[PDB]
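> just the structure for this:
(one chain, ligands or ions: 2)
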Amino acid sequence: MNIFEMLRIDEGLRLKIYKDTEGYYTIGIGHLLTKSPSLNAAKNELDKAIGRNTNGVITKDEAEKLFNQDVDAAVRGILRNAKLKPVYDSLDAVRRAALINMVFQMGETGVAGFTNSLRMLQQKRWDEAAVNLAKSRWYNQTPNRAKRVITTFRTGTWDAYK
Ligand SMILES: [Cl-]
Ligand SMILES: [Cl-]
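Numbering: from 1, shown residues only. Ligands and ions are numbered 1, 2, ... in the order given. Next up is the structure itself:
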C-alpha cells in the first residue's frame, strides 16, 4: 500500500465531471475543478487543466496525470508550510501518508486548522490525537473516510485499507 493506492480507494475514479461530497465540480481522482456553481465555469477549468477541448470528459491517462500532479503538489505544500512541515518531519512513513490524504482532501489551509490535533501527533500521543481529530466537521461530514485516516494515524499501519 502507498499514498497513491490509498487516495485511489478514498476518492474513486470518474472520467466525467461529477459533483463531490460538498457539491463541487470534480473529475478524475478527486481533482477539484471549481467551487463555482457553474458547470460552464467547470468545463472551462477542465480544458485549461488538460490543454484540449474535452467536452467534460477525460481519459484514464489524463485522470492519472492530474492525480500525479495533485499528490506532488500536496507533498510540496506540506514541505513549504511552517505549520505542517514539522509535523510531517516528525512522523513515520505510514502516518505521513495520512497527513497527505488530509491535505489532498481539504487543502493546506484546512489541515493547518487542526492545530490541537497536529500538536498531539507531533507529540506521538496517538490515542489522544485520534479522539481530537474526530471532533471536527470533517469527521461528521465524511465519517467512513475520516475513520480510515484516523485509524491510520492511531496505529501507524494500513489496516483500515485492508
Ligand atoms: Cl491543474
Ligand atoms: Cl465517508
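> what's near enough to touch the residue lying farthest from the centre of the chain?
Within the chain, residue 53 marks the point farthest from the mean C-alpha position, 27.0 Å out by C-alpha atoms, centre = their mean. Residue 53 is in contact with residue 47, counting by C-beta atoms under 8 Å, 6 or more residues apart in numbering. Every C-beta, even on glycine, is put in place using the N, C-alpha and C of the backbone.
> go on, residue 105?
Contact partners of residue 105, counting by C-beta under 8 Å, 6+ apart, are 10, 30, 142, 145.
> how near is it to residue 89?
Plainly put, residue 105 is 21 Å away from residue 89 if you go by C-beta to C-beta, to the nearest Å.
> near ligand 2, anything from the helix or strand containing residue 4?
Using DSSP states H and E, residue 4 falls within helix 3-11. No. Against ligand 2, helix 3-11 shows no contacts by C-beta under 5 Å from the ion, the least distance being 8.3 Å.
> what's the offset of that helix from the middle of its chain?
Relative to its chain's centre, helix 3-11 lies at 9 Å (C-alpha atoms, centre = their mean, to the nearest Å).
> stretch 28-40 now?
Distance of stretch 28-40 from the chain centroid (C-alpha atoms, centre = their mean) equals 15 Å.
> now swap in stretch 113-123 and tell me
Per C-alpha atoms, centre = their mean, the centroid offset for stretch 113-123 relative to its chain is 18 Å.
> cool, stretch 38-46 as well?
For stretch 38-46, the distance to the chain centre is 21 Å (C-alpha atoms, centre = their mean).
> so what touches it?
With C-beta under 8 Å, 6+ apart, stretch 38-46 has contacts from 17, 25, 27, 33, 34, 36, 54, 55, 56, 58.
> what's across from the second one in the sheet?
By that I understand residue 25. Note on residue 25: beta-bridge partners by DSSP bridges are residue 19, residue 34.
> please tell me I have it right and it contacts residue 31.
No. Checked against C-beta atoms under 8 Å, the pair residue 25 and residue 31 is beyond contact range at 9.9 Å.
> residues from the chain in reach of ligand 2?
The chain comes close to ligand 2 at residues 142, 144, 145, as judged by C-beta under 5 Å from the ion.
> the last one and residue 10 touch, don't they?
Yes. With contact taken as C-beta under 8 Å, residue 145 and residue 10 are classed as touching, separated by 5.3 Å.
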